[PDB]
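Q: First the structure, which I've put down as structure tokens, then a few questions once you've had a look.
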Amino acid sequence: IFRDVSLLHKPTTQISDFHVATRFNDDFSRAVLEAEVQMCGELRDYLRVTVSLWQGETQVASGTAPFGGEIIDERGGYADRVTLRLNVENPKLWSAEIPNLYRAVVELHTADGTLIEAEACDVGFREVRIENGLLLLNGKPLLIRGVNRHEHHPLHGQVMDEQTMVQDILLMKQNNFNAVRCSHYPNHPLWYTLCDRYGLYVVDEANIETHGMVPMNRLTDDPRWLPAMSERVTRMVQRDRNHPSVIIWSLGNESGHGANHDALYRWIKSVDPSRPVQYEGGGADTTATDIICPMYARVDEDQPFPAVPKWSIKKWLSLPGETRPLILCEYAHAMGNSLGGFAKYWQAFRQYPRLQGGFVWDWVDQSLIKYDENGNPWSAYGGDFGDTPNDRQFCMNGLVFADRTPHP
Amino acid sequence: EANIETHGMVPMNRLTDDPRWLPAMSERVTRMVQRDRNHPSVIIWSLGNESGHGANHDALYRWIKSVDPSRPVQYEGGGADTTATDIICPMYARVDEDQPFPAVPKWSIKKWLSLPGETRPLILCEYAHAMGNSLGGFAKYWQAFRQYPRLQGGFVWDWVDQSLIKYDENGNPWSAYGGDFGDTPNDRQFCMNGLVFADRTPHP
């Protein structure tokens, strides 16, 4: 039990879910905030919902309505849902450069003004789109200066705390990073919130990795695993969808390419078209990814493995028929005395538009603390716990040591 | 290639964008086609050279496509990738470095292909200026050509030296060039960029 345990007391008639969405006009001078709310319990005509948008102390917009959506099909609509739309003139936009945030409050009350209960979330106005081969944020094209980060503490193992999160964030921002990839599973909830607030772009990734199968595909191509996989994707989305920092969804990691991915990718697109989906498995440019997102592709040299070659990044883009943007999910393996050639990458990124950066691999060394004959600590690695079988140093590829002290 | 080059106008477009030259231009294209269309060796039609990019080109390019869809059309003027060419066909674009002149930059060839929205093949109408002691870097080109599919080669510039024979005080011949005929104004050696000398003897 490595993350928290809580108790939540809800009213009988409550808010069961809600989502936020923001549309903009051609120049972003106007937006619409759209909130869809669903409730559970008995539906009584005196029930209302109010969604209010604050900016600080200042209420910017508010909307009130009673349950009951628009007609959706031949049987009608959702009586237990309501969608409000608030107009916001000249909204302050969220970005990693300036994390403009608003507060959204969702009140479930009766008409006489009595509050049954309230929920809330931070809201960031931003638009994410792939357009014409480019990935845009609020209309301009990003250049991702990112890194992959695992949830690792030398002392606590995989238990995360606010202090650690924050440290990481600040180091990253201080060091010129824009974004982080949740290699390779959904993170501790607070993470998104901090990113939302400090300003980092986040790629949220499903907890699915079947690297060790042969071939890699074996389960992901099997309909019998479809359900299990399905839950790893869907729940992630239902949970993190309202955070502004999340700009891209990822189907998992190194699980080859199976029909299960294709389905899940389509699912997402249907459910939340606000973000792009990416998946590297099976060659990095499959039908299950909106972005070419290889790992360890060289700048100028090709590595043409059978079935799944890794072309030089500059070349990959102009392969016949290709038009997607390219962002490396992992590049520049930072294991020990490393990072040679880092600049070559930076230069291509800067010269080719469709090369919108990448995620360095990785943030922290996954070393653990051990103690000697005199209660003296020391950094341990693969196989140091009599662990079998093991990959030794392979767990140390960070840019910073487990204590958060930097490697050169 | 059509006999049309208005390199010396300012801007380059000046006549090719003028409806009044449409007819004249038109005949330079149409007659070429009517005459050479049955030869198998001809695989691509070109609208001319260095005459910028005008509405006259667009029309003529469409004409050809209509009349003889068996071949592609190419024209470099106006940026090398206009709407009047089926192929990106720049001249002197470098392999790896960009030359971003206003209006008509010359991107590095590897980069040019992946510019957003671009999908045509790229073949250089002129590259590797073979003037005098030259051809350095030739290999860089060959290597890109070989690594990138959409880079289907190019045309070196050029075959023979455009030098002419003159005779001395004793009926001895010698190779003459720009301005050697009291010619004004002139571009001197600029007429010698061949891979072979005018006599057809090779340069190294």
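Scheme for the structure tokens: letters A, B, ... for chains in order shown; per-chain residue numbers from 1; ligand numbers from 1 in order shown.
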Could you give me, as a list in words, the residues within 7 Å of residue 93 (chain B), counting only C-alpha atoms and dropping anything in the same chain fewer than 5 positions from it?
A: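 My reading of the contact set: residues 106, 107, 108 and 109 of chain B.
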Q: Export C-alpha atoms of the chosen residues as a PDB file, in the first residue's frame?
A:
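Okay, selection_29.pdb is ready:
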ATOM      1  CA  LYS B 106      16.844  27.639 -50.331  1.00  0.00           C
ATOM      2  CA  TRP B 107      16.419  25.202 -47.488  1.00  0.00           C
ATOM      3  CA  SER B 108      18.789  22.357 -46.938  1.00  0.00           C
ATOM      4  CA  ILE B 109      17.510  19.618 -49.158  1.00  0.00           C
TER       5      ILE B 109
END
Q: Considering only C-alpha atoms, return as a PDB file with N, CA, C and O atoms, in the first residue's frame whatever protein or nucleic-acid residues lie within 9 Å of residue 226 (chain A), sequence-local ones (same chain, fewer than 4 positions apart) excluded.
A:
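Saved as part01.pdb:
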ATOM      1  N   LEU A 219       0.268 -10.223 -25.751  1.00  0.00           N
ATOM      2  CA  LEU A 219      -0.955  -9.994 -25.032  1.00  0.00           C
ATOM      3  C   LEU A 219      -1.848  -8.893 -25.636  1.00  0.00           C
ATOM      4  O   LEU A 219      -3.077  -8.974 -25.587  1.00  0.00           O
ATOM      5  N   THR A 220      -1.204  -7.829 -26.116  1.00  0.00           N
ATOM      6  CA  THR A 220      -1.851  -6.649 -26.677  1.00  0.00           C
ATOM      7  C   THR A 220      -2.545  -6.892 -27.977  1.00  0.00           C
ATOM      8  O   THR A 220      -3.316  -6.059 -28.470  1.00  0.00           O
ATOM      9  N   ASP A 221      -2.215  -8.039 -28.540  1.00  0.00           N
ATOM     10  CA  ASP A 221      -2.894  -8.407 -29.748  1.00  0.00           C
ATOM     11  C   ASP A 221      -3.999  -9.408 -29.413  1.00  0.00           C
ATOM     12  O   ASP A 221      -4.748  -9.836 -30.280  1.00  0.00           O
ATOM     13  N   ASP A 222      -4.105  -9.759 -28.136  1.00  0.00           N
ATOM     14  CA  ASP A 222      -5.079 -10.729 -27.734  1.00  0.00           C
ATOM     15  C   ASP A 222      -6.304 -10.123 -27.095  1.00  0.00           C
ATOM     16  O   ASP A 222      -6.258  -9.521 -26.001  1.00  0.00           O
ATOM     17  N   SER A 230      -8.131  -2.192 -21.303  1.00  0.00           N
ATOM     18  CA  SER A 230      -9.132  -1.186 -21.430  1.00  0.00           C
ATOM     19  C   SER A 230      -9.287  -0.387 -20.124  1.00  0.00           C
ATOM     20  O   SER A 230      -9.313   0.848 -20.060  1.00  0.00           O
ATOM     21  N   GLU A 231      -9.343  -1.091 -19.031  1.00  0.00           N
ATOM     22  CA  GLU A 231      -9.480  -0.407 -17.763  1.00  0.00           C
ATOM     23  C   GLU A 231      -8.279   0.419 -17.387  1.00  0.00           C
ATOM     24  O   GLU A 231      -8.373   1.324 -16.579  1.00  0.00           O
ATOM     25  N   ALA A 259      -3.988  -5.066 -31.861  1.00  0.00           N
ATOM     26  CA  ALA A 259      -5.327  -4.547 -32.150  1.00  0.00           C
ATOM     27  C   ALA A 259      -5.905  -3.932 -30.911  1.00  0.00           C
ATOM     28  O   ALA A 259      -6.583  -2.930 -31.020  1.00  0.00           O
ATOM     29  N   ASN A 260      -5.542  -4.440 -29.737  1.00  0.00           N
ATOM     30  CA  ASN A 260      -6.011  -3.738 -28.551  1.00  0.00           C
ATOM     31  C   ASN A 260      -5.582  -2.257 -28.502  1.00  0.00           C
ATOM     32  O   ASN A 260      -6.263  -1.376 -27.960  1.00  0.00           O
ATOM     33  N   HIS A 261      -4.457  -1.914 -29.113  1.00  0.00           N
ATOM     34  CA  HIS A 261      -4.066  -0.508 -29.012  1.00  0.00           C
ATOM     35  C   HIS A 261      -4.899   0.367 -29.890  1.00  0.00           C
ATOM     36  O   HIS A 261      -5.351   1.466 -29.566  1.00  0.00           O
ATOM     37  N   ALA A 263      -7.884  -0.080 -30.743  1.00  0.00           N
ATOM     38  CA  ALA A 263      -9.184   0.177 -30.213  1.00  0.00           C
ATOM     39  C   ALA A 263      -9.129   1.220 -29.170  1.00  0.00           C
ATOM     40  O   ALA A 263      -9.964   2.112 -29.150  1.00  0.00           O
ATOM     41  N   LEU A 264      -8.130   1.093 -28.307  1.00  0.00           N
ATOM     42  CA  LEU A 264      -8.032   2.039 -27.201  1.00  0.00           C
ATOM     43  C   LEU A 264      -7.670   3.414 -27.631  1.00  0.00           C
ATOM     44  O   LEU A 264      -8.085   4.404 -27.097  1.00  0.00           O
TER      45      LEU A 264
END
Q: What residues in chain A have any atom no more than 6 Å from chain B when counting only C-alpha atoms, and can you write them as a list in words?
A: residues 133, 317 and 318 of chain A
Q: Fewer than 3 positions away in the same chain doesn't count, so skip those; otherwise give me all residues within 8 Å of residue 55 (chain A), counting only C-alpha atoms, as a count of residues only.
A: 6
Q: Go through A:99, A:294, A:113, A:276 and flag the residue nearest residue 200 (chain A), using only C-alpha atoms for the distances.
A: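 For residue 200 (chain A), the nearest of the given residues is A:99.
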Q: Using only C-alpha atoms, which of the listed residues (A:206, A:186, A:176, A:117) sits closest to residue 9 (chain A)?
A: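 Nearest to residue 9 (chain A): A:117.
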